[PDB]
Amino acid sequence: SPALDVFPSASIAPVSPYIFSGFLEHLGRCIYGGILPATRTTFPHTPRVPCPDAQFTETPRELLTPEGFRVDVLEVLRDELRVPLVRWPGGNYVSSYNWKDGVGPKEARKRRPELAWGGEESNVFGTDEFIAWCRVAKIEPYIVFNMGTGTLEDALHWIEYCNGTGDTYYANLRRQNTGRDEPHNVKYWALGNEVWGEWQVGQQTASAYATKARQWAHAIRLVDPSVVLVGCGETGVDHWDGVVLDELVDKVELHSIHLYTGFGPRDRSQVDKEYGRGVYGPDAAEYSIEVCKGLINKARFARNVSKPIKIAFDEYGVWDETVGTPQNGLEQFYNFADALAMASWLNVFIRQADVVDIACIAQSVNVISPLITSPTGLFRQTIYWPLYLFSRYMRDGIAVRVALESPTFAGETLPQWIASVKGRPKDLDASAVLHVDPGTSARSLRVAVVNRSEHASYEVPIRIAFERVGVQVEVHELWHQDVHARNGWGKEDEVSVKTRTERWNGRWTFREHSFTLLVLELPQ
């Protein structure tokens, strides 16, 4: 019989704001046609097969900052989501990216084949435009080194270019390109992108990567000792992860892991099972994060590292590899079920706030994204709303422990191992954040509850240990009768948040296939 206890005195950790981070890759319409305007040679056109003039709508000049950025997209990422950090220039793209192609006067920038996904890249948007965009967006840059074709020397020159404050060739080059003296001061850098993957350019074994990354990490820190470096992990639970952490833990600050739900081989003809395959998927990540926490502490013991080492979950999201393809620029239109998967993802990061310091939604615009653009406008996908609600209400507080009794799902999971190795996922899924208003010292409790069950509703007594709960509760609810309902053009708010205020009586009913964020007052 379902029951939810919350323990505001049992602190997990402060919620890191970088759990709400973003990610932009030079893929499809993420950059050109996304944060920047489309051209007659944006993806999917090219300079030698352009769009016909008759069929090309341009982005109005009104919609652009003076540097050429989309102001409406900026409004969503900065003013609605308050994204604090963005990973760039990618996941797979970066492993054959030469950063020197993307700086200097624009007419001297080298067009390159795009090997990871099959296009052409102009490199009109390179390091200085990315930093300038981050400045307008009020976002911290997070840059990934090329560890596919790239060399250590190229990486050291990039750090010098961005962060050097002396009289040295690459710092002077930055000053010449930007007309300013000040360094970019990029604080976060990642040592490669998925070096473990068979699709990756420059794929390596765990031992070969770890040995190389230890050398790169050591030399990069000599150029700028204040930088935060991120080692390339796999999913957190793999042999790769142990090998890499054992070798990097005294040289880096974070460990990067990636996972997508709705992803992977399965019998897609069994449609009745796709719902449960998708919504319970984030259970795989919490199991893997917990394993990774132990591998971190093993490696720290082994090298006598007193500093904490944290996790960057710097690719998470929802991606079916048969829907979002390289041909269509990884475009996937999300349904309401997908938004319950998204809410489950964010609850994982809250519950694991003591180790997850960064999480990056893959991707922030157009690529498998909460946000879809056209040349003249945009719409927010179903998965945008859980992100919006967590970013607004579960940030700037302390994640606290919960104890949740819930019926379990007996069906097929994706990946299939979650059911057997972790256990049957709970229908209900919750996380809690205690928040203190800095101007008034008023104390509130934000409780985010997903009911993943496709058919059962649950009446749930909710008990708050050692606290009086205020008379009124504010409810932010996401629900639709059709789990296949989507947002799209002309139907932008098919799936949207409903908010209301109710009287608190110590229980709540969580409808089938729903997400509910409750805001409770705690009078002193």
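Start at 1 and count along the sequence shown; that's the residue number.
Chemist: Averaging the C-alpha B factors as listed in the entry, name the stretch that ends up higher: 154-162 or 265-273.
Modeler: The deposited B-factors put 265-273 ahead on the C-alpha mean.
Chemist: Once you work out the mean C-alpha B-factor for both 454-462 and 61-69 from the entry, which is higher?
Modeler: Comparing 61-69 with 454-462, the higher mean C-alpha B-factor belongs to 454-462.
Chemist: According to the Cα B-factor stored in this entry, which of the following is highest: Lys187, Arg303, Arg443, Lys310?
Modeler: Reading the PDB entry, the winner on C-alpha B-factor is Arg443.
Chemist: So if I compare the CA B-factors in the entry for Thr382, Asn347, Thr325, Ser96, which one is the largest?
Modeler: Highest CA B-factor of the listed options: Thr325.
Chemist: Lowest, middle or highest third of the chain for the C-alpha temperature factor of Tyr287?
Modeler: Tercile = lowest for this residue's CA B-factor.
Chemist: Per the entry's values, where does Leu36 land by CA temperature factor relative to the rest of its chain, in the lowest, middle or highest third?
Modeler: Middle third of the chain for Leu36's C-alpha B-factor.
Chemist: Can you tell me whether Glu194 has a C-alpha B-factor in the lowest, middle or highest third compared with the other modelled residues of the same chain?
Modeler: Lowest third, going by the recorded CA B-factors of the chain.
Chemist: C-alpha B factor of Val86, ranked within the chain: lowest, middle or highest third?
Modeler: For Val86, whose C-alpha B-factor we compare with every modelled residue in the chain, the answer is the lowest third.
Chemist: Taking the entry's C-alpha B-factors for this chain, is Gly22 in the lowest, middle or highest third?
Modeler: It belongs to the lowest third of the chain when residues are ordered by C-alpha B-factor.
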